[PDB]
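Per chain, numbering begins at 1; letters A, B, ... match sequence-line order.
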Amino acid sequence: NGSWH
Amino acid sequence: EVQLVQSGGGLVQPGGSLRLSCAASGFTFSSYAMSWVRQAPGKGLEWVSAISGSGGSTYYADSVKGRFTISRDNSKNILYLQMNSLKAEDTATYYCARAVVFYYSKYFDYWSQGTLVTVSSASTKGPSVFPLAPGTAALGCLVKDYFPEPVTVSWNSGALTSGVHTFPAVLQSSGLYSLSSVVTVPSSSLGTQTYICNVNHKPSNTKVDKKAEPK
Amino acid sequence: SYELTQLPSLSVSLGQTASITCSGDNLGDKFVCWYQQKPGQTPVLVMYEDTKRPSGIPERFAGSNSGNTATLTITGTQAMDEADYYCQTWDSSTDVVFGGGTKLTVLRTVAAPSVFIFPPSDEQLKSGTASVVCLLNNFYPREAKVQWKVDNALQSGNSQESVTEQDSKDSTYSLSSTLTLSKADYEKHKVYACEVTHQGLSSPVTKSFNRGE
């Protein structure tokens, strides 16, 4: 959803 | 269609600064993490930096941490990489890439065209273009004495692609590059067909067209 | 730091199966993806999440990730598959990690080079340097020897060469060699020759020109 984490 | 168009690049002195940018279209830009990947000449791919979709989190490889800054503008659909305190080791082709993340699965599904960053204290020089001229005949252009890399070469504004070989440049004893681009054609077409090489050396903003014809 | 191991080179006969390996300790426990990079081109994703093919990638490409190794197999290898292939994964110690890449070479029949010699241009000569160029076109295998002779005297230290990567249609290589002389030395001699030795030639081939003819 866009997070790289 | 998904598009990623990179800007910036070229020569920069050691200790200098250079900013790359990446313009995106054809997808919801803010929904994707984005990344920079680089490749030193003749070497492998190396991940450089990433930024989450929102811009809330940034990540850097140990090699660049503290010297580079990644940022993005979600209203203009642009990603930026500010590179400072540049070193000879940062000389590479840089690519921007769209990342798909599920932290276990991370991959880059779309990539920009690369841009070459050369970290050197040497002078920019534009190329001289000399004809190469003598069944099958070969013709070509010798793109000489330019710095830094790269040059792009096309034939007849891109209309001629079959039988073309554009060689890797050699670095000469002078510290300048030289490259050849050749094409094989029927010997009997030499009197009636025009063969022109189009050379672009973006680092010096120099464009040269040269007709390759027998003397 | 976590490391991915790839062999730097792999050779496959045209129409045969290539098995490109990528090894790592926890490899089977991680998700692996593959990129194809043709010479001087942007990398292209060809496989993701070990076994998934993006749209537009031929069914001849297949992925697996079992045990300590991830493998990209290519069936009916074509000249269009000649490229460098990189595996890639993630680890806490490095974030995104790539393998060193594997250059896929396609093995084909021996092809002799077509040899061409080019004199220096008058435009260049006026500046005090002569570049003489020898082209060896569309040969296989890559090993080839170019010798420059000026009035039958073997040259050394004044030539450089480069070789293209394998052709995407016929799997051959081409080679360009440049002999650099001062205009004064160029004007002192008559016969300029490049002598080529290659497996496809029963005897060396010499191409030459006479300065001013």
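Checking side-chain atoms of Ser35(B) against main-chain N and O of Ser49(B) turns up a donor-acceptor pair under 3.5 Å. Using a distance-only test at 3.5 Å, with no hydrogens or angles considered, no donor-acceptor pair links the side chain of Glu213(B) to the main chain of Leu139(B). With hydrogens and angles disregarded, a donor-acceptor distance shorter than 3.5 Å links the side chain of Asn198(B) to the backbone of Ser157(B). The backbone N or O of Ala169(B) sits nowhere less than 3.5 Å from a side-chain atom of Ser162(C) that would complete a donor-acceptor pair.
Here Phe209(C) and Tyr192(C) bring their ring centres to under 6.0 angstrom of each other. Side-chain rings of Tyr85(C) and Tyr35(C) stay apart, their centers remaining 6.0 Å or farther from each other. Ring to ring, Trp111(B) and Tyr95(B) are close: their centroids are under 6.0 angstrom apart. Ring centroids of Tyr103(B) and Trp90(C) are separated by less than 6.0 Å, placing the two rings close together.
By the SG-distance test at 2.5 Å, a disulfide connects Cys197(B) to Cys141(B).
By the 4.0 Å N-to-carboxylate-O rule, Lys87(B) lies too far from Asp90(B) to be salt-bridged with it. By the 4.0 Å N-to-carboxylate-O rule, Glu82(C) lies too far from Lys103(C) to be salt-bridged with it. The pair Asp151(C)-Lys190(C) fails the salt-bridge criterion, with no side-chain N (NZ, NE, NH1 or NH2) lying under 4.0 Å from an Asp/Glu carboxylate O. Salt bridge status for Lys210(B) with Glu123(C): present, with a side-chain N to carboxylate O gap under 4.0 Å. Salt-bridge annotation for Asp145(B) and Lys125(B): absent, with no side-chain N of the basic residue lying under 4.0 Å from a carboxylate O of the acidic one. Salt bridge status for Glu195(C) with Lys149(C): present, with a side-chain N to carboxylate O gap under 4.0 Å. Between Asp122(C) and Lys215(B), at least one side-chain nitrogen of the basic residue sits less than 4.0 Å from a carboxylate oxygen of the acidic one, meeting the salt-bridge criterion.
Side-chain contact of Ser57(B) with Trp4(A): a donor-acceptor pair under 3.5 Å is absent, judged by distance alone. At a cut-off of 3.5 Å, with distance as the only test, no side-chain donor of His165(B) or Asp167(C) sits close to an acceptor on the other residue. Checked by atom type, the side-chain pair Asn158(C)/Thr180(C) shows no donor-acceptor distance below 3.5 Å. Residues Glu46(B) and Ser63(B) bring a donor and an acceptor atom of their side chains to less than 3.5 Å of each other. If you check the side chains of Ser177(C) and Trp148(C), you find a donor sitting under 3.5 Å from an acceptor. Donor-acceptor pairing under 3.5 Å is recorded for the side chains of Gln39(B) and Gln37(C). No side-chain donor from either of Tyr86(C) and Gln6(C) sits under 3.5 Å from a side-chain acceptor of the other. Judged purely by distance below 3.5 Å, without hydrogens or angles, the side chains of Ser75(B) and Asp73(B) never pair a donor atom with an acceptor atom. Checking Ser128(B) against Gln124(C) by side-chain atom types alone, no donor-acceptor pair falls below 3.5 Å.
Pairing each heavy atom of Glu49(C) with each of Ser105(B), the nearest pair is CG-OG, 3.4 Å.
Aromatic ring orientation, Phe139(C) versus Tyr173(C): tilted (interplanar angle from 30° to 60°).
Note that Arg38(B) lies outside the cation-pi zone of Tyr94(B), set by a 6.0 Å cut-off to the ring centre and a 45° limit from the axis. In this structure, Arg72(B) is positioned above the aromatic face of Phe29(B), its NZ or CZ under 6.0 Å from the six-membered ring centre and within 45° of the axis.
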- request: Evaluate the side-chain hydrogen bond (donor to acceptor under 3.5 Å, both in side chains) criterion for residues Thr161(B) and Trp155(B): first the C-alpha distance (whole Å), next the side-chain angles of each, then the deciding distance (0.1 Å), finally the verdict.
  value: CA-CA 7 Å; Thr161(B) 56; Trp155(B) 284 87; over 6 Å; no
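In the displayed structure, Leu107(C) atom CG is contacted under 6.0 Å by more than 12 heavy atoms of other residues, nucleotides or ligands. Heavy atoms of other residues, nucleotides or ligands lying less than 6.0 angstrom from CD of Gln13(B) number more than 12. Counting non-hydrogen atoms of other residues, nucleotides and ligands closer than 6.0 Å to CG of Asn26(C) gives a total above 12.
Sequence neighbours left out, the pairs with a member in residues 4-35 of chain B that pass disulfide bond (SG atoms under 2.5 Å apart) are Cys22(B)-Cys96(B). Pairs engaging residues 17-31 of chain B under the side chain to side chain donor-acceptor pair (under 3.5 Å) rule: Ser17(B)-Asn84(B) [sequence neighbours left out].
For the salt bridge (charged side-chain N to carboxylate O under 4.0 Å, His left out) test with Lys30(C), the passing option among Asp91(C), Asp25(C), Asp50(C) is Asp91(C); the others fail.
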